$ cat input21.cif   # mmCIF, C-alpha atoms
data_coords
loop_
_atom_site.label_atom_id
_atom_site.label_comp_id
_atom_site.auth_asym_id
_atom_site.auth_seq_id
_atom_site.Cartn_x
_atom_site.Cartn_y
_atom_site.Cartn_z
CA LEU A 194 220.23 139.02 -122.86
CA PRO A 195 221.12 136.35 -125.45
CA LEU A 196 219.66 138.62 -128.12
CA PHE A 197 221.89 141.69 -128.29
CA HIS A 198 224.07 139.74 -130.66
CA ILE A 199 220.92 139.35 -132.72
CA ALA A 200 219.30 142.73 -132.20
CA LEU A 201 222.61 144.38 -133.04
CA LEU A 202 222.29 142.78 -136.47
CA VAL A 203 219.00 144.38 -137.56
CA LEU A 204 220.10 147.74 -136.20
CA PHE A 205 223.18 147.39 -138.36
CA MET A 206 221.06 145.95 -141.12
CA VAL A 207 218.63 148.89 -141.01
CA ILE A 208 221.51 151.38 -141.13
CA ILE A 209 222.65 149.51 -144.22
CA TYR A 210 219.21 149.40 -145.78
CA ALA A 211 218.30 152.93 -144.83
CA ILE A 212 221.27 154.54 -146.53
CA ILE A 213 220.82 152.49 -149.71
CA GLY A 214 217.25 153.75 -149.89
CA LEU A 215 218.32 157.31 -149.18
CA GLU A 216 220.86 157.26 -152.02
CA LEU A 217 218.77 155.62 -154.71
CA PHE A 218 215.32 156.93 -153.82
CA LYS A 219 216.06 160.48 -152.69
CA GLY A 220 213.03 162.59 -153.41
CA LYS A 221 211.34 160.56 -156.10
CA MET A 222 207.96 160.64 -154.37
CA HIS A 223 207.01 164.23 -155.06
CA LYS A 224 205.35 164.42 -158.43
CA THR A 225 201.59 164.72 -158.55
CA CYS A 226 198.55 163.33 -160.20
CA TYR A 227 196.58 166.54 -159.75
CA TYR A 228 193.87 167.84 -162.01
CA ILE A 229 194.22 170.35 -164.81
CA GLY A 230 195.13 173.52 -162.93
CA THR A 231 193.47 172.99 -159.61
CA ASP A 232 194.58 171.55 -156.30
CA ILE A 233 192.83 168.20 -156.02
CA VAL A 234 194.59 164.86 -156.01
CA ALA A 235 193.03 162.52 -158.56
CA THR A 236 192.19 159.08 -157.24
CA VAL A 237 189.69 156.36 -158.10
CA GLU A 238 187.37 155.65 -155.16
CA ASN A 239 189.54 152.96 -153.52
CA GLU A 240 193.02 153.81 -154.69
CA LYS A 241 195.55 155.35 -152.38
CA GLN B 530 165.54 192.81 -163.74
CA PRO B 531 166.12 189.01 -163.24
CA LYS B 532 169.55 187.95 -161.90
CA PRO B 533 169.25 187.63 -158.08
CA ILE B 534 170.80 189.95 -155.54
CA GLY B 535 173.03 190.66 -152.74
CA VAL B 536 176.35 189.10 -151.81
CA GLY B 537 179.58 190.63 -150.53
CA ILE B 538 182.61 190.65 -152.76
CA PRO B 539 182.02 187.43 -154.70
CA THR B 540 185.15 185.46 -153.91
CA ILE B 541 185.84 182.33 -155.96
CA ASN B 542 188.98 180.27 -155.85
CA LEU B 543 189.65 178.03 -158.83
CA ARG B 544 192.05 175.84 -156.86
CA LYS B 545 189.20 174.25 -154.93
CA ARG B 546 186.80 173.25 -157.72
CA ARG B 547 187.00 170.12 -159.81
CA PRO B 548 186.26 169.97 -163.56
CA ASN B 549 182.82 168.74 -162.58
CA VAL B 550 179.59 169.19 -160.56
CA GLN B 551 176.89 171.78 -161.47
CA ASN B 552 177.51 174.36 -158.63
CA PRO B 553 173.92 175.07 -157.28
CA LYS B 554 171.77 177.87 -158.61
CA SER B 555 170.71 179.77 -155.41
CA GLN B 556 167.05 179.07 -154.40
CA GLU B 557 167.29 182.57 -152.89
CA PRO B 558 164.42 184.93 -153.73
CA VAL B 559 164.76 188.39 -155.27
CA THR B 560 163.68 190.66 -152.44
CA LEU B 561 164.50 194.18 -153.40
CA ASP B 562 164.22 197.00 -150.88
CA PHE B 563 162.21 200.01 -151.94
CA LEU B 564 164.79 202.29 -150.39
CA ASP B 565 167.38 200.61 -152.60
CA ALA B 566 165.35 200.47 -155.78
CA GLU B 567 165.65 204.26 -156.03
CA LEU B 568 167.32 207.26 -154.45
CA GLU B 569 166.81 207.58 -150.72
CA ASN B 570 165.13 210.75 -149.57
CA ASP B 571 163.43 212.22 -146.51
CA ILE B 572 160.29 212.67 -148.55
CA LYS B 573 160.10 209.13 -149.89
CA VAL B 574 160.46 207.48 -146.48
CA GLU B 575 157.32 209.37 -145.46
CA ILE B 576 155.74 207.94 -148.58
CA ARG B 577 156.94 204.42 -147.86
CA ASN B 578 155.85 204.38 -144.24
#

$ encode --input "input21.cif" --output "C-alpha coordinates"
Amino acid sequence: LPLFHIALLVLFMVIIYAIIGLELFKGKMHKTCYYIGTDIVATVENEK
Amino acid sequence: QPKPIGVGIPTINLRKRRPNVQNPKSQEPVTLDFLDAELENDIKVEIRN
(Lines of atoms letter the chains of each structure in order from A and count residues from 1; the text may use other names and numbers.)
(Lines give C-alpha, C1' and ligand atoms only; values in the text may rest on other atoms or scores of the structure.)
Protein backbone atom coordinates (compact mmCIF):
# COMPACT_ATOMS: atom_id res chain seq x y z
CA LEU A 1 0.00 0.00 0.00
CA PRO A 2 2.86 2.53 0.08
CA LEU A 3 3.35 1.91 -3.65
CA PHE A 4 0.24 3.20 -5.39
CA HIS A 5 1.88 6.59 -5.40
CA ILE A 6 4.71 4.85 -7.22
CA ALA A 7 2.77 2.43 -9.40
CA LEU A 8 0.53 5.29 -10.48
CA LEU A 9 3.64 6.90 -11.95
CA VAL A 10 4.60 4.15 -14.42
CA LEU A 11 0.99 3.72 -15.46
CA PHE A 12 0.97 7.42 -16.22
CA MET A 13 4.44 7.13 -17.65
CA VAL A 14 3.42 4.30 -19.98
CA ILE A 15 0.39 6.26 -21.19
CA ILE A 16 2.84 9.04 -21.96
CA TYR A 17 5.33 6.77 -23.66
CA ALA A 18 2.74 4.74 -25.49
CA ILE A 19 1.14 7.69 -27.24
CA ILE A 20 4.49 9.17 -28.25
CA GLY A 21 5.34 5.87 -29.89
CA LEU A 22 1.94 5.66 -31.55
CA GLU A 23 2.33 9.12 -33.09
CA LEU A 24 5.88 8.87 -34.33
CA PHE A 25 6.07 5.18 -35.21
CA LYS A 26 2.61 4.50 -36.61
CA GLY A 27 2.89 1.70 -39.11
CA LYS A 28 6.54 1.89 -40.02
CA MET A 29 7.12 -1.82 -39.45
CA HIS A 30 5.37 -3.17 -42.52
CA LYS A 31 7.80 -3.18 -45.39
CA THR A 32 9.39 -6.46 -46.39
CA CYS A 33 12.65 -8.05 -47.22
CA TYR A 34 11.04 -10.70 -49.41
CA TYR A 35 12.57 -12.36 -52.41
CA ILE A 36 12.12 -11.41 -56.04
CA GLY A 37 8.46 -12.19 -56.63
CA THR A 38 7.82 -14.96 -54.18
CA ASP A 39 6.56 -15.12 -50.62
CA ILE A 40 9.59 -15.98 -48.52
CA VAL A 41 11.15 -13.69 -45.96
CA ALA A 42 14.89 -13.37 -46.54
CA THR A 43 17.02 -13.88 -43.46
CA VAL A 44 20.55 -15.04 -42.73
CA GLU A 45 20.56 -18.18 -40.58
CA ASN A 46 20.59 -16.39 -37.20
CA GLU A 47 19.01 -13.06 -37.95
CA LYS A 48 15.52 -12.24 -36.83
CA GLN B 1 8.81 -41.99 -75.61
CA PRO B 2 10.98 -40.82 -72.60
CA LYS B 3 9.44 -38.18 -70.29
CA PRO B 4 7.76 -40.04 -67.37
CA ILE B 5 4.05 -40.36 -66.79
CA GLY B 6 1.02 -39.82 -64.81
CA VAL B 7 0.11 -36.99 -62.49
CA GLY B 8 -3.15 -35.10 -61.97
CA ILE B 9 -3.37 -31.50 -63.03
CA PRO B 10 0.22 -30.41 -62.40
CA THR B 11 -0.24 -27.58 -59.93
CA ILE B 12 2.76 -25.35 -59.19
CA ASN B 13 2.71 -22.20 -57.15
CA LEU B 14 5.58 -19.79 -57.69
CA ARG B 15 4.98 -18.06 -54.36
CA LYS B 16 6.39 -21.02 -52.45
CA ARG B 17 9.70 -21.64 -54.24
CA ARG B 18 12.94 -19.82 -53.64
CA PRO B 19 15.39 -18.78 -56.38
CA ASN B 20 17.32 -21.91 -55.51
CA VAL B 21 17.41 -25.71 -54.96
CA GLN B 22 17.30 -28.25 -57.84
CA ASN B 23 13.66 -29.56 -57.39
CA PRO B 24 14.10 -33.43 -57.56
CA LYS B 25 13.81 -35.36 -60.79
CA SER B 26 11.24 -38.13 -59.93
CA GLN B 27 12.88 -41.59 -59.43
CA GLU B 28 9.49 -42.85 -60.62
CA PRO B 29 9.58 -45.52 -63.34
CA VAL B 30 7.79 -45.35 -66.69
CA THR B 31 5.17 -48.07 -66.35
CA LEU B 32 2.80 -47.75 -69.24
CA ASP B 33 -0.41 -49.76 -69.34
CA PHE B 34 -1.06 -51.73 -72.49
CA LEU B 35 -4.69 -50.70 -72.41
CA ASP B 36 -3.51 -47.09 -72.39
CA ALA B 37 -0.78 -47.43 -74.99
CA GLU B 38 -3.48 -47.94 -77.63
CA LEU B 39 -7.21 -47.88 -78.17
CA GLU B 40 -9.20 -50.03 -75.78
CA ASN B 41 -11.29 -52.74 -77.38
CA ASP B 42 -13.18 -55.90 -76.46
CA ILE B 43 -10.96 -57.83 -78.83
CA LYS B 44 -7.65 -56.58 -77.48
CA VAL B 45 -8.47 -57.39 -73.85
CA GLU B 46 -8.91 -60.99 -74.95
CA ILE B 47 -5.50 -60.67 -76.56
CA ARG B 48 -3.94 -59.12 -73.47
CA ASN B 49 -5.34 -61.65 -71.03

$ resolve_selection --input "input21.cif" --expression "the PyMOL selection byres ((chain B) within 7 of (chain A))" --output "ChimeraX atom specification"
/B:543-546

$ atom_distance --input "input21.cif" --atom1 "atom CA of residue 563 of chain B" --atom2 "atom CA of residue 578 of chain B"
10.9 Å

$ atom_distance --input "input21.cif" --atom1 "atom CA of residue 540 of chain B" --atom2 "atom CA of residue 227 of chain A"
22.9 Å

$ resolve_selection --input "input21.cif" --expression "the PyMOL selection byres ((chain B and resi 556) around 12)" --output "JSON, numbers by chain"
{"B": [532, 533, 534, 553, 554, 555, 557, 558, 559]}

$ atom_distance --input "input21.cif" --atom1 "atom CA of residue 223 of chain A" --atom2 "atom CA of residue 239 of chain A"
20.8 Å

$ residues_around --input "input21.cif" --residues "residue 575 of chain B" --least-positions-apart "5" --cutoff "12 Å" --atoms "all atoms listed in the file" --output "ChimeraX atom specification"
/B:564,569-570
